[PDB]
Amino acid sequence: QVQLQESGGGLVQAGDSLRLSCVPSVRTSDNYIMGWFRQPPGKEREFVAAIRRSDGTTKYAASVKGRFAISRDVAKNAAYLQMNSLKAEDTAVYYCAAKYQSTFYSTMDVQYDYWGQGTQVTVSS
Amino acid sequence: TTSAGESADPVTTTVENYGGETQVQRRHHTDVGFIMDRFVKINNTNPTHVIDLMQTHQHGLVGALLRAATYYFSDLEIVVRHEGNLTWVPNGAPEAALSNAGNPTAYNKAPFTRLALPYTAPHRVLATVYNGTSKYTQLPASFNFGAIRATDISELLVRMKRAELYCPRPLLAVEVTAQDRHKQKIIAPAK
Amino acid sequence: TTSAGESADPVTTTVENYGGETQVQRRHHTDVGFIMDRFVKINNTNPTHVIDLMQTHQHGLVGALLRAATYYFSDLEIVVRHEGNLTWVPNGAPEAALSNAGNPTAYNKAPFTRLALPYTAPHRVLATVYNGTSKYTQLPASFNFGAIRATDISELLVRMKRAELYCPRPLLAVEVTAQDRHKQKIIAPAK
Amino acid sequence: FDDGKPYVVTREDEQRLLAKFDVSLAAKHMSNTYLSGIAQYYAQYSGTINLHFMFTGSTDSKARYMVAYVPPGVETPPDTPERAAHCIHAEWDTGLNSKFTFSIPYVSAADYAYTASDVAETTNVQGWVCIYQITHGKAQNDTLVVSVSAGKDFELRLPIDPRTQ
Amino acid sequence: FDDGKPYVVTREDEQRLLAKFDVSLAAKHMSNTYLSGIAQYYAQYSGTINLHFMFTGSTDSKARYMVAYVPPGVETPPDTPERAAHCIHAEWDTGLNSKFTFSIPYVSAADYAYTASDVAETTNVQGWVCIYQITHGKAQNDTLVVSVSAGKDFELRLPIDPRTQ
Amino acid sequence: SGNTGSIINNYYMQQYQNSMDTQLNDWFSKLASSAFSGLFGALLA
Amino acid sequence: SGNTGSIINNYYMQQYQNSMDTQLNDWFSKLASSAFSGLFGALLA
Amino acid sequence: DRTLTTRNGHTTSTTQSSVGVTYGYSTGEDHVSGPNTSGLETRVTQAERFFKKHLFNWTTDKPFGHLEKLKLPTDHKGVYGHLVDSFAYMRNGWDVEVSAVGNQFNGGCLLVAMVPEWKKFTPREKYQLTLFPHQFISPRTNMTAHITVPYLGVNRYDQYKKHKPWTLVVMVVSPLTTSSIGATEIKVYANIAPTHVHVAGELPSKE
Amino acid sequence: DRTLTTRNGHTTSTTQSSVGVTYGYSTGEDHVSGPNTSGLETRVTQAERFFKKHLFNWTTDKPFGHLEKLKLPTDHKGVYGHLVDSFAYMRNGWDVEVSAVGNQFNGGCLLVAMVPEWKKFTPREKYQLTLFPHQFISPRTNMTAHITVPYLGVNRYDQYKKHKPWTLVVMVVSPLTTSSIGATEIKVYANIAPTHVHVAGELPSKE
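Protein chains in written order, with the entry's author numbering: chain E, 1 to 125; chain A, 1 to 136, 156 to 210; chain A', 1 to 136, 156 to 210; chain C, 57 to 221; chain C', 57 to 221; chain D, 15 to 38, 65 to 85; chain D', 15 to 38, 65 to 85; chain B, 12 to 218; chain B', 12 to 218. A prime marks a further copy of an entry chain.
This is the structure in structure tokens:
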């Protein structure tokens with residue numbers, strides 16, 4: 001059905017910033033929730049930040065609350081995760097996701113539908 | 001046909017002017033009551049939303065065809081997808097009235113809620129433009164259909180019932196940059 | 001009966017020619033409107049599908065009986081099994097119109113969706129074969164019933180309503196390789 | 057017919073049996089017909105089936121033909137017109153009118169018949185149709201074209217969808 | 057028209073072709089019209105399309121114009137009124153009445169036409185409309201304003217919602 | 015009227031269930073009914 | 015009566031389905073029907 | 012009894028081996044004036060007349076199923092041709108007459124049919140070519156077939172440089188058999204004439 | 012009051028400086044069906060429509076008696092042309108309309124006449140050019156002349172590749188006088204349309 005195209009990964013060192021992007025392949029008229037999951041080396045996947053398509057309702061993790069910022073482009077049908085002031089612990093594999101089926105805030109970080117192959121972000125010190 | 005242009009009278013020449021034949025036409029699809037009667041999206045919802053029709057997208061079907069009129073009258077239907085109960089207060093109500101169940105409150109069923117609301121504005125007609133103010156770019160605050168409230172609202176749809184439009188205004192199309200015409204992809208079967 | 005063969009006139013001899021008796025017949029099941037009115041599968045669905053009836057299987061009941069006519073007219077019914085919403089745009093629409101909810105959009109209920117669509121092609125009849133082109156093996160791109168779109172579509176069924184067929188064409192059966200007749204297994208109770 | 061021709065040719069032999077085929081819409085001879093192409097999509101049938109015989113020989117070539125309906129009850133069909141003269145048949149020679157239509161009767165036990173032969177079980181449930189060459193004069197390579205259409209009371213009954221898809 | 061003006065100016069040249077545009081509600085010349093702004097929200101159309109020509113030159117300036125409908129079937133439109141005189145056309149000069157209305161016919165194969173041109177495929181499905189300057193006397197910078205409205209049997213058919221939102 | 019078996023009228027108007035035909065002839069029915077039968081020439085039953 | 019396609023009457027009264035208009065004229069229909077057609081001056085067909 | 016004369020315009024064609032006229036799908040045209048042409052169509056009676064065309068040589072080494080086609084309209088050099096390249100939309104039916112002259116001491120059968128919206132036939136589909144308006148040419152009986160067909164298509168008017176609705180087809184049903192006193196070869200010709208020629212949408216000139 | 016619209020076929024032409032229509036020698040055609048064509052003539056209504064032509068530039072240095080002619084039929088690139096080269100005998104009249112657009116602050120006079128069986132005029136014979144169907148173009152009053160003439164000749168049908176009965180003539184009567192506020196030059200165009208086009212004797216093709 002829907003495939004996700006990720007962009008903007010790479011390598012930085014501590015203190016810099018990165019910008020991740022993700023655009024879905026089809027532009028159906030749904031209320032999907034673009035989110036970001038990260039999987040640290042030798043650990044399991046976990047939620048980072050999500051955003052709703054209709055409004056700019058953003059969820060966040062306790063780890064990254066003041067640093068990270070997520071936004072959406074209504075025109076280009078995109079979503080961007082602006083990572084700021086990276087820590088050496090932010091090294092992981094970052095995945096996007098879709099979650100088309102239900103769009104309520106209380107469940108905005110539990111069950112996504114389409115993932116799309118992850119990007120590699122490896123910050124140094 | 002030749003006529004006085006500066007007088008601004010309407011002139012409708014036919015193909016009969018050179019032997020043709022005007023054919024029978026059916027204009028059921030450009031009827032004002034017909035074309036405005038479809039659900040269209042409102043893409044900025046809040047925990048508390050004031051139903052203002054000028055919040056429809058300006059380039060949608062209903063959004064643009066509504067911007068192409070100065071005044072209008074309509075009832076309304078809304079399709080809300082919410083968590084918890086949904087309270088509706090009419091036009092003119094305090095904002096604190098939205099926390100009580102004496103007002104129309106809908107206890108949420110599974111998919112969503114579909115209601116029909118009347119026209120409660122104190123004016124005979126509503127307007128899309130206003131030249132001036134109403135206190136002692157921005158329309159008067161009484162140009163709305165009420166307000167809704169839930170713990171969080173996911174989507175809102177609206178539908179104009181018994182719609183009436185007055186005093187038409189410009190309605191534009193996408194502009195052609197350098198082509199001879201605006202070319203785009205049209206649906207066609209595979210293979 | 002004996003007749004001039006090369007004149008190509010139809011001749012129907014009876015069993016009365018040698019003492020028999022023509023019996024009463026009922027042909028309700030070979031009625032064109034009756035036999036084409038059943039749901040048949042479309043086995044190539046996409047996230048975006050353009051409804052073209054020449055995508056039914058060529059050896060199915062409706063597929064083959066449709067290939068056995070030059071022209072046809074029909075309304076339509078579709079049964080779609082999708083995720084998310086299902087948008088439908090009529091014949092002639094841009095492909096970008098399929099991302100907006102001003103068009104017929106179906107919010108998915110549990111099992112599937114069953115709709116009824118009209119005939120929106122600009123021609124009086126559609127065709128299964130075309131001898132030539134339409135731009136300045157492949158039919159014109161205007162030979163369709165619209166397009167649908169969802170995040171992914173699992174199955175699509177179509178049904179022809181008020182079907183009319185014109186100008187019949189060859190309709191073949193499976194060929195017999197070396198036998199005296201084509202023998203196959205027929206249902207029979209166990210034991 | 058054999059070699060995939062719509063016609064049977066007169067034979068310079070002692071054999072007077074031109075062609076023979078089962079009364080079945082699934083026969084090898086009817087595999088390329090419209091009646092068969094329609095009948096493949098139904099379960100049962102009943103009624104008349106017409107055969108047309110068009111002679112395409114020269115003017116100086118004469119012949120006399122015969123067609124017989126051999127209902128089921130014998131193991132093998134007859135191969136002599138003298139022996140098949142005891143069935144339902146018809147004879148006709150060649151002349152000004154070059155076409156001849158013979159109507160196969162629907163004679164059976166049940167009111168309907170299957171439009172598909174079940175399995176490798178032999179001896180078709182309905183009979184056979186046997187075309188004979190009574191005689192011919194100076195007709196060495198002249199042919200007789202055969203075609204089939206539905207009768208006045210023909211009928212197909214129960215729609216199905218049997219092909220592998 | 058060119059430079060984004062509602063009018064065409066007489067030319068001190070050998071060229072007698074003022075303007076030319078496709079018969080399409082998605083044309084570059086109709087991009088700023090109300091007929092086009094409405095027609096963008098429908099799939100198909102049919103019927104008449106009226107053009108109005110208002111002359112805004114002085115009293116001491118005369119001219120004679122011509123408009124032709126060039127249906128599809130040629131690769132390039134004609135650029136001479138002598139060659140475009142074989143289409144459907146009309147001529148008119150300037151005088152007391154400063155307006156002129158010409159009605160574009162709906163002539164095609166199908167009963168309806170798309171209100172949107174498909175892809176970079178060339179040679180618009182409907183024809184062109186060509187405005188010519190037959191002659192003019194002492195009309196150096198005088199203009200001719202063009203506008204369009206719907207005809208008596210015009211019609212839009214199937215509502216859609218095609219804009220990116 | 016093919017393959018519809020309910021006796022009650024439809025809930026929706028005819029204008030919405032399907033499209034409407036406008037005006038401005066079964067060939068093969070007449071071509072089969074006008075077929076030749078009987079015999080040709082004389083008969084001696 | 016725009017975009018409603020059921021033949022059966024409504025289950026709810028008119029007083030509850032929508033509001034009620036009180037009293038105390066299509067301009068553009070008349071402005072288009074009163075348009076000029078034909079010709080001006082004489083004709084030589 | 013089998014003497015027929017057809018007159019199309021100022022042209023006639025007589026045959027004494029007539030077997031009848033076959034009407035396909037209709038005995039007369041439907042409404043030529045519709046809403047798509049907006050009252051601006053006209054009829055041309057100078058274009059409705061016969062013109063010749065050579066189809067094929069019927070030799071004895073051609074087996075059953077040998078197909079020859081001719082898409083209509085063809086390359087016309089007369090008034091019909093200037094009509095086709097002078098107007099944008101045309102419509103007309105056809106009145107076809109095929110002749111294969113040998114002698115009565117030949118044998119064989121030809122199938123002359125008019126197929127709408129031609130597409131190449133598979134070897135098994137040629138057994139059903141008699142689903143279209145057709146006639147047979149048997150040297151035993153006749154030398155001339157005659158079919159008359161209306162105009163049909165998805166559109167009421169056609170652009171013949173883009174689409175060809177009709178196609179004339181001649182198939183060998185029974186191979187030609189000759190003897191010492193029969194014609195060793197047969198040449199097949201067509202005599203076609205458009206019917207009810209209506210035009211619309213005059214085009215600019217090229218000069 | 013001086014507004015005229017002529018519609019010939021699917022083509023129109025409006026003028027607001029009309030001065031009337033001049034009929035020459037007849038107000039309508041005579042018998043188109045005669046004994047020389049033996050009942051085999053037909054009328055073509057698709058050929059009766061306007062086509063443009065450029066006559067001359069009316070400058071101030073052209074004195075009285077400056078003659079410009081245009082023999083009709085001209086080199087036609089549309090349906091009329093294929094008619095002329097497709098049939099052997101034709102006949103039709105003419106409906107001519109000449110326009111010389113300057114402005115009302117010019118001076119001069121033009122003579123637009125339709126001369127049958129043209130022959131070159133001597134300088135003294137140009138004083139009598141008003142014996143033929145004619146009109147004047149004076150920038151003072153009008154910008155458009157309009158004459159309508161029937162078909163005439165020694166024969167009822169004509170072979171236009173051999174004979175041209177009619178000729179359009181424009182003569183300078185009074186030289187163009189311009190001022191600082193008048194048009195310094197005037198270009199003259201013709202808008203001609205055949206009338207009652209009948210043809211006979213279809214010709215073979217060239218292809």
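Virtual Cβ for every residue (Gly too), placed ideally from N, Cα, C.
Nearest-angstrom Cα separation, counted from residue j out to residue i
i, j, result
"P186(B')", "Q57(B)", "49 Å"
"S149(B)", "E6(A')", "7 Å"
"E79(B)", "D106(B)", "18 Å"
"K135(A)", "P122(A)", "16 Å"
"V79(C')", "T36(D')", "47 Å"
"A182(A)", "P215(C')", "17 Å"
"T38(B)", "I51(A')", "35 Å"
"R124(A)", "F73(A)", "8 Å"
"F156(C')", "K88(B')", "28 Å"
Cutoff 8 Å: residue i Cβ touching any chain D' Cβ
i, result
"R181(A)", "yes"
"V32(B')", "yes"
"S29(B')", "yes"
Residue i at chain A' interface by Cβ criterion, 8 Å
i, result
"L158(A)", "no"
"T104(C)", "yes"
"residue 49(C')", "Given that chain C' is displayed from residue 57 to residue 221, the structure contains no residue 49(C') and the question cannot be resolved."
8 Å Cβ cutoff, residue i in contact with chain B
i, result
"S3(A')", "no"
"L126(A')", "yes"
Backbone secondary structure at residue i - three-state DSSP
i, result
"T36(D')", "coil"
"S203(C)", "strand"
"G193(C')", "strand"
"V93(E)", "strand"
"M125(B')", "strand"
"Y107(A')", "coil"
"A68(A)", "coil"
"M54(A')", "helix"
"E183(A')", "strand"
Local Cβ density within 10 Å of residue i, reported as buried at 16 or more and exposed below that
i, result
"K210(A')", "exposed"
"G19(D')", "exposed"
"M27(D)", "exposed"
"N19(B')", "buried"
"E131(C')", "exposed"
"residue 287(C')", "Absent from the structure is residue 287(C'), since the part of chain C' shown begins at 57 and ends at 221."
Proximity test, Cβ basis, 8 Å: residue i and chain E
i, result
"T45(A')", "no"
Minimum Cβ-Cβ distance from residue i to chain A less than 8 Å
i, result
"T103(E)", "yes"
Residues that residue i contacts on chain F, provided the C-beta gap is smaller than 8 Å
i, result
"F80(D')", "Protein chains in the displayed structure are E, A, A', C, C', D, D', B and B', and chain F is not among them."
CB contact check: residue i to chain D, cutoff 8 Å
i, result
"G16(D')", "no"
4 or more residues per run - each alpha helix (DSSP H) lying fully within the segment 97-180 of chain C: 137-140
Taking only runs that begin and end inside the segment 47-117 of chain B', name each unbroken alpha helix (DSSP H) of 4 or more residues, in chain order. 90-97
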